[PDB]
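S.K.: Have a look at the structure that comes next, please.
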Amino acid sequence: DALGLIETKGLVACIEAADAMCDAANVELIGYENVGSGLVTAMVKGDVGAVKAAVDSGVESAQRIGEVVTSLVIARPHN
Amino acid sequence: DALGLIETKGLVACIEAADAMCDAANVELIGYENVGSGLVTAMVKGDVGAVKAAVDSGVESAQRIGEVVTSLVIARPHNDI
Amino acid sequence: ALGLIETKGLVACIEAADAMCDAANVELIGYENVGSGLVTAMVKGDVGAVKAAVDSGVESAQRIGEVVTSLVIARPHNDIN
Amino acid sequence: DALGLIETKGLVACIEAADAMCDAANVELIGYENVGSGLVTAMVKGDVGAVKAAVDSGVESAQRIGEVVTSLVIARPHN
Amino acid sequence: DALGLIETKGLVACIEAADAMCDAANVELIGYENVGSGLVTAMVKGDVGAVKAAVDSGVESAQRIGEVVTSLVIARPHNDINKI
Amino acid sequence: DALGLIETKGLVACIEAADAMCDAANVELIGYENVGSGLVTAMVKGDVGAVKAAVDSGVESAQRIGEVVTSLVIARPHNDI
């Protein structure tokens, strides 16, 4: 199904984005990824509609406490 | 129970934030996390009241010696976190 | 043939990899991360398919993030690891 | 026992800070810690008075050859 | 045996430098080191003549796609270096 | 015994500094240390005279190919160092 991503500067903003994503819609948190330079990504999976709602909520909440670098929804991601 | 987080620029400010958190309330220091660009986070667990008091004290103390980037208290963290 | 796109940040890299796979008959080998936010996506296929994939991946990744470098190696040396 | 910390940009400035700390007062060098991004911390232990003297001397000496990012004395660290 | 080194800003320029080095002469790719701030080094070994040719080719090719920070050939590395 | 240190931006400049240090005087290469952000330190030990000569030569040679960030000679390091 669809993939939702939120990349923030700092771990705390990422945890807030992931918490908000799970509370907003029927999505499953796959995990976190850290590529250095403070860039932390939270990844969720679910139906396109749930993932779009999750990413929107996650971005809004994370922005309140930290910097959201990028966000993306891939409706039909290749394996 | 509740999760308390303080993210600082540099290790020394993080150690001060963690020391202040443990001294302020009945919370347990889970550990540290470092995501690069000098961003270091200290994490504690306990009842929401103890965690709120710990985070408040940790932020105030760490700010005196370094930069606090972010702080957060999650009363009931999601199972997936 | 090997196709490479290095970005600043993971999300731009995932977008570059998604665009590469959708543009031509190439296989995503994987990702590589050397820190400092530098993330590379690697694809394999015929030189024509890989050139088309890299072009499309760069164009789409640039719309959401910074593409640091891109490269097509038509015939990689065995020692390339 | 009090904890003395000096965080520098670079390892050489940190080694100079640690050498100066040990020569200034009756403190023991516990070790060095590195969190990446060139941030290196030297940690000493001893009585609060010895640790304050050590940190002051370590900062002054390290600044002559490199950048001191932060310094701290914790008179009674949590166990 | 001589040691050849090329340090680039980023992994992709480094891959290009290492690919070019192996294609240019009879050298063996030992591997790579990464020390942060995006600095990636590719290391080769062989006779001094093969290593000089490999490094020259690797630098020329890598520069076309990225930044080459430094390059070096050590004709007879010190015994203490051989540990790394 | 004296301690000699050279910290460079990049591994290659550090290897050149270490090679030059060993060739300049009767010093022993203890090893290398990397604290991130491209900062790499080469450490030698020997008599104060040999270490001063080694560091001088290492700095001059390393500067030709890269950036020397710092250099230091400690004539009498504390045992704890």
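Residue numbering restarts at 1 for every chain of the structure tokens, chains are lettered A, B, ... in their displayed order, and ligands are numbered from 1 as they appear.
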Enumerate as a ChimeraX atom specification the residues belonging to chain B that approach chain C to within 12 Å, with only C-alpha atoms taken into account.
M.R.: /B:35-38
S.K.: Counting only C-alpha atoms, which residues from chain D have an atom at most 12 Å from any atom of chain B, and could you show them as an mmCIF file with N, CA, C and O atoms, in the first residue's frame?
M.R.:
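Writing the result to selection17.cif gives the following:
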```
data_model
loop_
_atom_site.group_PDB
_atom_site.id
_atom_site.type_symbol
_atom_site.label_atom_id
_atom_site.label_comp_id
_atom_site.auth_asym_id
_atom_site.auth_seq_id
_atom_site.Cartn_x
_atom_site.Cartn_y
_atom_site.Cartn_z
ATOM 1 N N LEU D 3 32.014 16.114 38.610
ATOM 2 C CA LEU D 3 32.332 15.802 37.220
ATOM 3 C C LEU D 3 32.675 17.088 36.427
ATOM 4 O O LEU D 3 31.935 18.073 36.464
ATOM 5 N N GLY D 4 33.819 17.071 35.763
ATOM 6 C CA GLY D 4 34.290 18.196 34.968
ATOM 7 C C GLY D 4 34.296 17.817 33.508
ATOM 8 O O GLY D 4 34.756 16.733 33.158
ATOM 9 N N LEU D 5 33.729 18.669 32.656
ATOM 10 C CA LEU D 5 33.602 18.383 31.250
ATOM 11 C C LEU D 5 34.062 19.557 30.414
ATOM 12 O O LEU D 5 33.764 20.705 30.726
ATOM 13 N N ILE D 6 34.785 19.264 29.329
ATOM 14 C CA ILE D 6 35.234 20.239 28.344
ATOM 15 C C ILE D 6 34.961 19.627 26.999
ATOM 16 O O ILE D 6 35.494 18.571 26.694
ATOM 17 N N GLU D 7 34.112 20.263 26.206
ATOM 18 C CA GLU D 7 33.778 19.798 24.880
ATOM 19 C C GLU D 7 34.445 20.740 23.896
ATOM 20 O O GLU D 7 34.324 21.970 24.017
ATOM 21 N N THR D 8 35.188 20.171 22.950
ATOM 22 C CA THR D 8 35.885 20.963 21.967
ATOM 23 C C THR D 8 35.491 20.501 20.585
ATOM 24 O O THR D 8 34.891 19.434 20.397
ATOM 25 N N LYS D 9 35.850 21.334 19.605
ATOM 26 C CA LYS D 9 35.768 21.028 18.198
ATOM 27 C C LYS D 9 37.162 20.462 17.874
ATOM 28 O O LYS D 9 38.171 21.191 17.896
ATOM 29 N N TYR D 32 37.347 10.147 27.227
ATOM 30 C CA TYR D 32 36.896 11.005 26.148
ATOM 31 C C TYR D 32 35.643 10.458 25.508
ATOM 32 O O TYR D 32 35.491 9.246 25.368
ATOM 33 N N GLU D 33 34.787 11.351 25.041
ATOM 34 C CA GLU D 33 33.554 10.963 24.388
ATOM 35 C C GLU D 33 33.372 11.752 23.123
ATOM 36 O O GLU D 33 33.725 12.925 23.066
ATOM 37 N N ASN D 34 32.897 11.092 22.085
ATOM 38 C CA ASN D 34 32.783 11.703 20.780
ATOM 39 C C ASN D 34 31.402 11.433 20.245
ATOM 40 O O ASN D 34 30.998 10.281 20.086
ATOM 41 N N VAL D 35 30.666 12.501 19.985
ATOM 42 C CA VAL D 35 29.323 12.385 19.448
ATOM 43 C C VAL D 35 29.242 12.729 17.963
ATOM 44 O O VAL D 35 28.132 12.885 17.453
ATOM 45 N N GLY D 36 30.384 12.787 17.268
ATOM 46 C CA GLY D 36 30.423 13.097 15.849
ATOM 47 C C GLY D 36 30.426 14.583 15.597
ATOM 48 O O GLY D 36 30.451 15.384 16.535
ATOM 49 N N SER D 37 30.423 14.973 14.322
ATOM 50 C CA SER D 37 30.431 16.390 13.950
ATOM 51 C C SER D 37 31.596 17.170 14.590
ATOM 52 O O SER D 37 31.493 18.376 14.789
ATOM 53 N N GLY D 38 32.687 16.448 14.900
ATOM 54 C CA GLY D 38 33.900 16.973 15.503
ATOM 55 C C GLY D 38 33.776 17.340 16.968
ATOM 56 O O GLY D 38 34.673 17.984 17.504
ATOM 57 N N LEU D 39 32.693 16.952 17.644
ATOM 58 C CA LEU D 39 32.503 17.313 19.057
ATOM 59 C C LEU D 39 33.088 16.268 19.965
ATOM 60 O O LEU D 39 32.644 15.130 19.978
ATOM 61 N N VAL D 40 34.138 16.645 20.689
ATOM 62 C CA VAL D 40 34.874 15.721 21.556
ATOM 63 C C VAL D 40 34.880 16.250 22.987
ATOM 64 O O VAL D 40 35.261 17.391 23.202
ATOM 65 N N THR D 41 34.477 15.431 23.960
ATOM 66 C CA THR D 41 34.422 15.844 25.354
ATOM 67 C C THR D 41 35.420 15.096 26.234
ATOM 68 O O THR D 41 35.487 13.875 26.172
ATOM 69 N N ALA D 42 36.150 15.813 27.097
ATOM 70 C CA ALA D 42 37.060 15.193 28.065
ATOM 71 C C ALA D 42 36.394 15.279 29.419
ATOM 72 O O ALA D 42 35.856 16.321 29.770
ATOM 73 N N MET D 43 36.394 14.171 30.168
ATOM 74 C CA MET D 43 35.711 14.108 31.443
ATOM 75 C C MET D 43 36.667 13.762 32.568
ATOM 76 O O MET D 43 37.402 12.781 32.465
ATOM 77 N N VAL D 68 36.874 25.836 21.980
ATOM 78 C CA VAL D 68 36.167 25.196 23.090
ATOM 79 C C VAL D 68 34.687 25.493 22.895
ATOM 80 O O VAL D 68 34.305 26.648 22.856
ATOM 81 N N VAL D 69 33.874 24.466 22.706
ATOM 82 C CA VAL D 69 32.454 24.631 22.460
ATOM 83 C C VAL D 69 31.703 24.904 23.749
ATOM 84 O O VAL D 69 30.944 25.865 23.817
ATOM 85 N N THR D 70 31.936 24.078 24.783
ATOM 86 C CA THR D 70 31.266 24.198 26.088
ATOM 87 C C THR D 70 32.137 23.618 27.215
ATOM 88 O O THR D 70 33.006 22.787 26.973
ATOM 89 N N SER D 71 31.895 24.038 28.447
ATOM 90 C CA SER D 71 32.553 23.482 29.620
ATOM 91 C C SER D 71 31.534 23.483 30.767
ATOM 92 O O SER D 71 30.618 24.317 30.793
ATOM 93 N N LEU D 72 31.657 22.521 31.678
ATOM 94 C CA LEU D 72 30.682 22.368 32.737
ATOM 95 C C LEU D 72 31.249 21.638 33.925
ATOM 96 O O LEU D 72 32.027 20.709 33.774
ATOM 97 N N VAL D 73 30.830 22.038 35.115
ATOM 98 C CA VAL D 73 31.200 21.358 36.339
ATOM 99 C C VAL D 73 29.899 20.950 36.996
ATOM 100 O O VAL D 73 29.034 21.799 37.189
ATOM 101 N N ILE D 74 29.738 19.661 37.313
ATOM 102 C CA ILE D 74 28.563 19.174 38.026
ATOM 103 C C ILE D 74 29.048 18.768 39.403
ATOM 104 O O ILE D 74 29.764 17.773 39.522
ATOM 105 N N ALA D 75 28.732 19.576 40.431
ATOM 106 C CA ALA D 75 29.244 19.342 41.777
ATOM 107 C C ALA D 75 28.816 18.009 42.388
ATOM 108 O O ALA D 75 29.613 17.363 43.076
ATOM 109 N N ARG D 76 27.584 17.581 42.123
ATOM 110 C CA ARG D 76 27.103 16.301 42.625
ATOM 111 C C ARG D 76 26.252 15.619 41.560
ATOM 112 O O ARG D 76 25.022 15.749 41.560
ATOM 113 N N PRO D 77 26.916 14.911 40.621
ATOM 114 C CA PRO D 77 26.179 14.243 39.532
ATOM 115 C C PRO D 77 25.263 13.152 40.027
ATOM 116 O O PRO D 77 25.564 12.476 41.015
ATOM 117 N N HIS D 78 24.160 12.954 39.319
ATOM 118 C CA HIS D 78 23.213 11.906 39.663
ATOM 119 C C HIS D 78 23.866 10.563 39.353
ATOM 120 O O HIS D 78 24.635 10.428 38.395
ATOM 121 N N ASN D 79 23.634 9.608 40.242
ATOM 122 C CA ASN D 79 24.241 8.284 40.206
ATOM 123 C C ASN D 79 23.736 7.449 39.012
ATOM 124 O O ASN D 79 24.203 7.628 37.878
#
```
S.K.: DSSP on the backbone: what in chain F comes out alpha helix (DSSP H), as an MDAnalysis selection string?
M.R.: chainID F and resid 11:24 48:65
S.K.: So that I have them on file, write out the residues from the current selection with C-alpha atoms, as a tab-separated table (two decimals), in the first residue's frame.
M.R.:
```tsv
chain	number	residue	atom	x	y	z
F	11	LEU	CA	42.13	11.03	5.87
F	12	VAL	CA	44.59	11.43	2.96
F	13	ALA	CA	46.28	14.54	4.47
F	14	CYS	CA	46.52	12.63	7.76
F	15	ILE	CA	48.19	9.60	6.13
F	16	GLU	CA	50.71	11.92	4.45
F	17	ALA	CA	51.35	13.68	7.81
F	18	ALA	CA	51.92	10.30	9.53
F	19	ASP	CA	54.20	9.02	6.75
F	20	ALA	CA	56.26	12.24	6.92
F	21	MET	CA	56.44	12.10	10.75
F	22	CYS	CA	57.85	8.54	10.74
F	23	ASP	CA	60.36	9.36	8.00
F	24	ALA	CA	61.58	12.55	9.75
F	48	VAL	CA	60.80	15.45	22.81
F	49	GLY	CA	63.47	16.32	20.23
F	50	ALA	CA	62.37	13.55	17.82
F	51	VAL	CA	58.68	14.40	18.29
F	52	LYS	CA	59.23	18.14	17.60
F	53	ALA	CA	61.15	17.25	14.40
F	54	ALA	CA	58.46	14.72	13.36
F	55	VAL	CA	55.55	17.16	13.85
F	56	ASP	CA	57.36	19.94	11.94
F	57	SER	CA	57.99	17.65	8.97
F	58	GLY	CA	54.51	16.13	9.07
F	59	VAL	CA	52.84	19.58	9.03
F	60	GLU	CA	54.94	20.85	6.12
F	61	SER	CA	54.29	17.74	3.98
F	62	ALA	CA	50.56	17.43	4.81
F	63	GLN	CA	49.95	21.11	4.01
F	64	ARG	CA	51.11	20.44	0.44
F	65	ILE	CA	48.12	18.13	-0.20
```
S.K.: What does chain F look like once superposed on chain B, all Cα atoms paired in sequence order, least squares? Give it as a PDB file with C-alpha atoms, in the first residue's frame.
M.R.:
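Result file is result.pdb:
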```pdb
ATOM      1  CA  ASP F   1       4.279   5.584  31.131  1.00  0.00           C
ATOM      2  CA  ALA F   2       5.139   9.146  29.930  1.00  0.00           C
ATOM      3  CA  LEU F   3       8.162   9.918  27.735  1.00  0.00           C
ATOM      4  CA  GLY F   4      10.326  13.037  28.251  1.00  0.00           C
ATOM      5  CA  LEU F   5      12.758  14.314  25.635  1.00  0.00           C
ATOM      6  CA  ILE F   6      15.326  17.129  25.510  1.00  0.00           C
ATOM      7  CA  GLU F   7      17.399  17.697  22.328  1.00  0.00           C
ATOM      8  CA  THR F   8      20.463  19.915  22.548  1.00  0.00           C
ATOM      9  CA  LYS F   9      23.316  21.160  20.346  1.00  0.00           C
ATOM     10  CA  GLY F  10      26.278  19.318  21.847  1.00  0.00           C
ATOM     11  CA  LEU F  11      26.771  16.401  24.183  1.00  0.00           C
ATOM     12  CA  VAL F  12      27.687  18.474  27.274  1.00  0.00           C
ATOM     13  CA  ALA F  13      24.354  20.386  27.297  1.00  0.00           C
ATOM     14  CA  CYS F  14      22.592  17.032  26.920  1.00  0.00           C
ATOM     15  CA  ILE F  15      24.443  15.481  29.884  1.00  0.00           C
ATOM     16  CA  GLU F  16      23.512  18.511  32.007  1.00  0.00           C
ATOM     17  CA  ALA F  17      19.859  18.224  30.859  1.00  0.00           C
ATOM     18  CA  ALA F  18      19.803  14.500  31.765  1.00  0.00           C
ATOM     19  CA  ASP F  19      21.458  15.078  35.157  1.00  0.00           C
ATOM     20  CA  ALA F  20      18.930  17.838  35.957  1.00  0.00           C
ATOM     21  CA  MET F  21      15.985  15.667  34.795  1.00  0.00           C
ATOM     22  CA  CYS F  22      16.952  12.785  37.121  1.00  0.00           C
ATOM     23  CA  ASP F  23      17.526  15.122  40.065  1.00  0.00           C
ATOM     24  CA  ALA F  24      14.182  16.945  39.569  1.00  0.00           C
ATOM     25  CA  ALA F  25      11.706  14.070  39.713  1.00  0.00           C
ATOM     26  CA  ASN F  26      11.189  10.258  39.968  1.00  0.00           C
ATOM     27  CA  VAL F  27      12.056   9.513  36.317  1.00  0.00           C
ATOM     28  CA  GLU F  28      14.321   6.883  34.736  1.00  0.00           C
ATOM     29  CA  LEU F  29      16.940   7.860  32.140  1.00  0.00           C
ATOM     30  CA  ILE F  30      16.360   5.503  29.159  1.00  0.00           C
ATOM     31  CA  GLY F  31      19.401   6.824  27.294  1.00  0.00           C
ATOM     32  CA  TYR F  32      20.855   9.246  24.806  1.00  0.00           C
ATOM     33  CA  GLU F  33      20.533   9.431  21.049  1.00  0.00           C
ATOM     34  CA  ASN F  34      22.717  11.224  18.541  1.00  0.00           C
ATOM     35  CA  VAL F  35      21.526  11.904  15.011  1.00  0.00           C
ATOM     36  CA  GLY F  36      24.534  13.992  13.932  1.00  0.00           C
ATOM     37  CA  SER F  37      24.902  17.702  13.220  1.00  0.00           C
ATOM     38  CA  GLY F  38      25.511  18.068  17.017  1.00  0.00           C
ATOM     39  CA  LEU F  39      21.919  17.037  17.834  1.00  0.00           C
ATOM     40  CA  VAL F  40      21.848  14.981  21.039  1.00  0.00           C
ATOM     41  CA  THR F  41      18.613  13.811  22.743  1.00  0.00           C
ATOM     42  CA  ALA F  42      18.148  12.627  26.353  1.00  0.00           C
ATOM     43  CA  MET F  43      15.120  10.421  27.008  1.00  0.00           C
ATOM     44  CA  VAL F  44      13.392   9.752  30.365  1.00  0.00           C
ATOM     45  CA  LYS F  45      10.292   7.754  31.404  1.00  0.00           C
ATOM     46  CA  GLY F  46       7.916   7.973  34.394  1.00  0.00           C
ATOM     47  CA  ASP F  47       4.462   9.264  35.412  1.00  0.00           C
ATOM     48  CA  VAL F  48       3.243  12.298  33.370  1.00  0.00           C
ATOM     49  CA  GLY F  49       3.592  14.599  36.391  1.00  0.00           C
ATOM     50  CA  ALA F  50       7.197  13.501  37.107  1.00  0.00           C
ATOM     51  CA  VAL F  51       8.150  13.699  33.416  1.00  0.00           C
ATOM     52  CA  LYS F  52       6.738  17.249  33.022  1.00  0.00           C
ATOM     53  CA  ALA F  53       8.699  18.357  36.126  1.00  0.00           C
ATOM     54  CA  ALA F  54      11.875  16.601  34.869  1.00  0.00           C
ATOM     55  CA  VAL F  55      11.733  18.187  31.388  1.00  0.00           C
ATOM     56  CA  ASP F  56      11.102  21.677  32.830  1.00  0.00           C
ATOM     57  CA  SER F  57      14.126  21.402  35.128  1.00  0.00           C
ATOM     58  CA  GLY F  58      16.337  19.823  32.473  1.00  0.00           C
ATOM     59  CA  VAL F  59      15.573  22.622  29.967  1.00  0.00           C
ATOM     60  CA  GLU F  60      16.257  25.407  32.473  1.00  0.00           C
ATOM     61  CA  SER F  61      19.599  23.901  33.596  1.00  0.00           C
ATOM     62  CA  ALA F  62      20.819  22.928  30.098  1.00  0.00           C
ATOM     63  CA  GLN F  63      20.047  26.410  28.725  1.00  0.00           C
ATOM     64  CA  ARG F  64      22.548  27.856  31.220  1.00  0.00           C
ATOM     65  CA  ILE F  65      25.450  26.044  29.501  1.00  0.00           C
ATOM     66  CA  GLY F  66      24.254  25.290  25.966  1.00  0.00           C
ATOM     67  CA  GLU F  67      21.582  25.409  23.303  1.00  0.00           C
ATOM     68  CA  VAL F  68      18.343  23.520  23.849  1.00  0.00           C
ATOM     69  CA  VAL F  69      17.009  22.905  20.336  1.00  0.00           C
ATOM     70  CA  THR F  70      13.722  21.142  21.390  1.00  0.00           C
ATOM     71  CA  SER F  71      11.855  19.541  24.342  1.00  0.00           C
ATOM     72  CA  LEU F  72       8.749  17.318  24.438  1.00  0.00           C
ATOM     73  CA  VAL F  73       6.550  15.341  26.823  1.00  0.00           C
ATOM     74  CA  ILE F  74       4.390  12.536  25.447  1.00  0.00           C
ATOM     75  CA  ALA F  75       1.879  11.618  28.192  1.00  0.00           C
ATOM     76  CA  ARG F  76       0.796   8.414  26.467  1.00  0.00           C
ATOM     77  CA  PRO F  77       3.316   7.161  23.890  1.00  0.00           C
ATOM     78  CA  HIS F  78       2.229   4.477  21.493  1.00  0.00           C
ATOM     79  CA  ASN F  79       3.824   1.041  22.278  1.00  0.00           C
ATOM     80  CA  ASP F  80       5.494   1.119  18.769  1.00  0.00           C
ATOM     81  CA  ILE F  81       7.412   4.321  19.662  1.00  0.00           C
TER      82      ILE F  81
END
```
S.K.: Give me, as a PyMOL selection string, the contact residues of chain E against chain D at a cut-off of 12 Å, counting only C-alpha atoms.
M.R.: chain E and resi 35-38
S.K.: For the residues selected in the previous step, produce a file with N, CA, C and O atoms as a PDB file, in the first residue's frame.
M.R.:
```
ATOM      1  N   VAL E  35      35.331   9.525   6.755  1.00  0.00           N
ATOM      2  CA  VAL E  35      35.638  10.215   8.006  1.00  0.00           C
ATOM      3  C   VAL E  35      34.718  11.377   8.352  1.00  0.00           C
ATOM      4  O   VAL E  35      35.062  12.176   9.223  1.00  0.00           O
ATOM      5  N   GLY E  36      33.567  11.460   7.713  1.00  0.00           N
ATOM      6  CA  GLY E  36      32.623  12.514   8.038  1.00  0.00           C
ATOM      7  C   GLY E  36      32.849  13.782   7.263  1.00  0.00           C
ATOM      8  O   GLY E  36      33.872  13.933   6.588  1.00  0.00           O
ATOM      9  N   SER E  37      31.876  14.709   7.380  1.00  0.00           N
ATOM     10  CA  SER E  37      31.829  15.949   6.601  1.00  0.00           C
ATOM     11  C   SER E  37      31.728  15.609   5.053  1.00  0.00           C
ATOM     12  O   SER E  37      32.216  16.394   4.232  1.00  0.00           O
ATOM     13  N   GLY E  38      31.160  14.428   4.707  1.00  0.00           N
ATOM     14  CA  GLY E  38      31.028  13.910   3.350  1.00  0.00           C
ATOM     15  C   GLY E  38      32.301  13.390   2.690  1.00  0.00           C
ATOM     16  O   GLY E  38      32.257  13.023   1.512  1.00  0.00           O
TER      17      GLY E  38
END
```
S.K.: Which residues are near residue 62 of chain A? Cut-off 10 Å, only C-alpha atoms, ignore same chain within fewer than 5 positions. Put them as an NGL selection string.
M.R.: :A and (6-8 or 12-21 or 57 or 67-68)
S.K.: Could I get the residues of chain C with an atom no further than 10 Å from an atom of chain A, each paired with its nearest atom pair and that distance in Å to one decimal, using only C-alpha atoms, sorted by chain and residue number, as a Markdown table?
M.R.:
```
| residue | atom | partner | partner_atom | distance |
| --- | --- | --- | --- | --- |
| C:8 | CA | A:35 | CA | 8.9 |
| C:9 | CA | A:39 | CA | 6.5 |
| C:10 | CA | A:35 | CA | 6.7 |
| C:11 | CA | A:7 | CA | 6.6 |
| C:12 | CA | A:70 | CA | 8.1 |
| C:14 | CA | A:5 | CA | 9.4 |
| C:15 | CA | A:72 | CA | 8.2 |
| C:17 | CA | A:78 | CA | 9.3 |
| C:18 | CA | A:78 | CA | 6.8 |
| C:19 | CA | A:78 | CA | 9.7 |
| C:21 | CA | A:78 | CA | 7.5 |
| C:22 | CA | A:78 | CA | 8.2 |
| C:28 | CA | A:79 | CA | 9.3 |
| C:32 | CA | A:35 | CA | 9.4 |
| C:33 | CA | A:35 | CA | 6.3 |
| C:34 | CA | A:35 | CA | 7.7 |
| C:35 | CA | A:36 | CA | 4.7 |
| C:36 | CA | A:37 | CA | 4.5 |
| C:37 | CA | A:36 | CA | 4.8 |
| C:38 | CA | A:35 | CA | 6.9 |
| C:39 | CA | A:35 | CA | 7.0 |
| C:64 | CA | A:70 | CA | 7.0 |
| C:65 | CA | A:70 | CA | 7.5 |
```
S.K.: Produce a file of the selected residues containing C-alpha atoms, as a CSV table (one decimal), in the first residue's frame.
M.R.:
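Result file again.csv:
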```csv
chain,number,residue,atom,x,y,z
C,8,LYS,CA,20.9,15.4,0.6
C,9,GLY,CA,18.4,13.6,2.7
C,10,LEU,CA,16.6,10.3,2.7
C,11,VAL,CA,13.2,11.5,1.4
C,12,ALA,CA,14.7,13.0,-1.8
C,14,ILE,CA,13.4,7.6,-2.0
C,15,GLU,CA,11.7,9.9,-4.5
C,17,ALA,CA,14.6,5.8,-6.6
C,18,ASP,CA,10.8,5.7,-7.1
C,19,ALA,CA,11.1,7.9,-10.2
C,21,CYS,CA,12.0,2.5,-11.4
C,22,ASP,CA,8.9,4.1,-12.9
C,28,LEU,CA,16.8,-0.9,-7.6
C,32,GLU,CA,23.9,3.8,0.6
C,33,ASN,CA,24.5,6.3,3.3
C,34,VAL,CA,27.8,7.8,4.1
C,35,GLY,CA,26.6,10.3,6.7
C,36,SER,CA,26.4,14.1,6.6
C,37,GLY,CA,22.9,13.6,5.0
C,38,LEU,CA,24.4,12.1,1.8
C,39,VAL,CA,22.2,9.2,0.5
C,64,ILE,CA,11.4,18.0,-3.3
C,65,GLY,CA,15.1,18.1,-2.3
```
S.K.: Figure out the distance between atom CA of residue 31 of chain D and atom CA of residue 54 of chain D, please, to one decimal in Å.
M.R.: 14.5 Å
S.K.: For the structure I just gave you, how does DSSP split segment 8-77 of chain C - specifically, which residues are strand (DSSP E)? Reply as a list in words.
M.R.: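 Here are the strand (DSSP E) residues of segment 8-77 of chain C: residues 8, 27, 28, 29, 30, 31, 32, 33, 38, 39, 40, 41, 42, 43, 44, 66, 67, 68, 69, 70, 71, 72 and 73 of chain C.
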S.K.: Please save N, CA, C and O atoms of the selected residues as a short mmCIF file (atom, residue, chain, number, x, y, z; two decimals), in the first residue's frame.
M.R.:
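And here's selection.cif as it stands now:
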```
data_model
loop_
_atom_site.label_atom_id
_atom_site.label_comp_id
_atom_site.auth_asym_id
_atom_site.auth_seq_id
_atom_site.Cartn_x
_atom_site.Cartn_y
_atom_site.Cartn_z
N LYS C 8 20.80 14.98 -0.75
CA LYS C 8 20.95 15.43 0.63
C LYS C 8 19.59 15.09 1.26
O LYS C 8 18.57 15.72 0.97
N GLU C 27 16.47 -2.19 -12.19
CA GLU C 27 16.27 -2.82 -10.88
C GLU C 27 16.94 -1.99 -9.80
O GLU C 27 18.12 -1.68 -9.92
N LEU C 28 16.21 -1.66 -8.72
CA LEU C 28 16.81 -0.94 -7.61
C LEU C 28 17.63 -1.92 -6.78
O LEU C 28 17.09 -2.88 -6.24
N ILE C 29 18.96 -1.72 -6.75
CA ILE C 29 19.92 -2.52 -6.01
C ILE C 29 19.83 -2.18 -4.52
O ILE C 29 19.83 -3.07 -3.68
N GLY C 30 19.74 -0.90 -4.22
CA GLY C 30 19.64 -0.45 -2.85
C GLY C 30 20.10 0.98 -2.66
O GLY C 30 20.27 1.75 -3.61
N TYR C 31 20.24 1.34 -1.39
CA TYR C 31 20.63 2.65 -0.92
C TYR C 31 21.96 2.57 -0.17
O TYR C 31 22.35 1.52 0.35
N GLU C 32 22.66 3.69 -0.14
CA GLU C 32 23.90 3.79 0.59
C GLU C 32 23.96 5.12 1.26
O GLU C 32 23.51 6.13 0.72
N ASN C 33 24.44 5.13 2.47
CA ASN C 33 24.47 6.33 3.29
C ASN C 33 25.85 6.49 3.88
O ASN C 33 26.31 5.61 4.61
N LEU C 38 24.19 12.49 3.22
CA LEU C 38 24.38 12.06 1.83
C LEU C 38 23.89 10.65 1.60
O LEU C 38 24.39 9.70 2.19
N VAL C 39 22.87 10.52 0.77
CA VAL C 39 22.23 9.23 0.53
C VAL C 39 22.24 8.93 -0.98
O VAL C 39 21.80 9.76 -1.77
N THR C 40 22.70 7.74 -1.37
CA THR C 40 22.74 7.36 -2.78
C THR C 40 21.80 6.20 -3.12
O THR C 40 21.79 5.19 -2.42
N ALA C 41 21.04 6.31 -4.21
CA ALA C 41 20.20 5.22 -4.71
C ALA C 41 20.89 4.63 -5.94
O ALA C 41 21.41 5.36 -6.80
N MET C 42 20.94 3.29 -6.01
CA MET C 42 21.64 2.61 -7.08
C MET C 42 20.72 1.67 -7.83
O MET C 42 20.03 0.86 -7.22
N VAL C 43 20.71 1.79 -9.18
CA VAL C 43 19.93 0.93 -10.08
C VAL C 43 20.84 0.23 -11.08
O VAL C 43 21.96 0.67 -11.31
N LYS C 44 20.38 -0.89 -11.63
CA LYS C 44 21.11 -1.61 -12.66
C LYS C 44 20.18 -1.99 -13.83
O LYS C 44 18.98 -2.18 -13.65
N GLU C 66 17.51 18.33 -2.55
CA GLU C 66 18.76 18.63 -3.23
C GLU C 66 19.43 17.40 -3.81
O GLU C 66 19.78 16.49 -3.05
N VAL C 67 19.65 17.38 -5.13
CA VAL C 67 20.40 16.30 -5.77
C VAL C 67 21.85 16.77 -5.78
O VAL C 67 22.15 17.81 -6.36
N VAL C 68 22.73 16.05 -5.10
CA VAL C 68 24.14 16.41 -5.02
C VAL C 68 24.89 15.99 -6.30
O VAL C 68 25.60 16.80 -6.90
N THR C 69 24.71 14.74 -6.73
CA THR C 69 25.39 14.22 -7.91
C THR C 69 24.58 13.09 -8.55
O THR C 69 23.77 12.45 -7.88
N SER C 70 24.82 12.82 -9.83
CA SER C 70 24.23 11.70 -10.54
C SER C 70 25.28 11.14 -11.50
O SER C 70 26.18 11.87 -11.95
N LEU C 71 25.22 9.83 -11.77
CA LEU C 71 26.22 9.20 -12.61
C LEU C 71 25.71 7.92 -13.22
O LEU C 71 24.97 7.18 -12.60
N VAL C 72 26.13 7.64 -14.46
CA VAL C 72 25.82 6.39 -15.12
C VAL C 72 27.16 5.75 -15.46
O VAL C 72 27.99 6.39 -16.08
N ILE C 73 27.38 4.51 -15.02
CA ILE C 73 28.58 3.75 -15.37
C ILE C 73 28.11 2.64 -16.30
O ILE C 73 27.45 1.71 -15.84
#
```
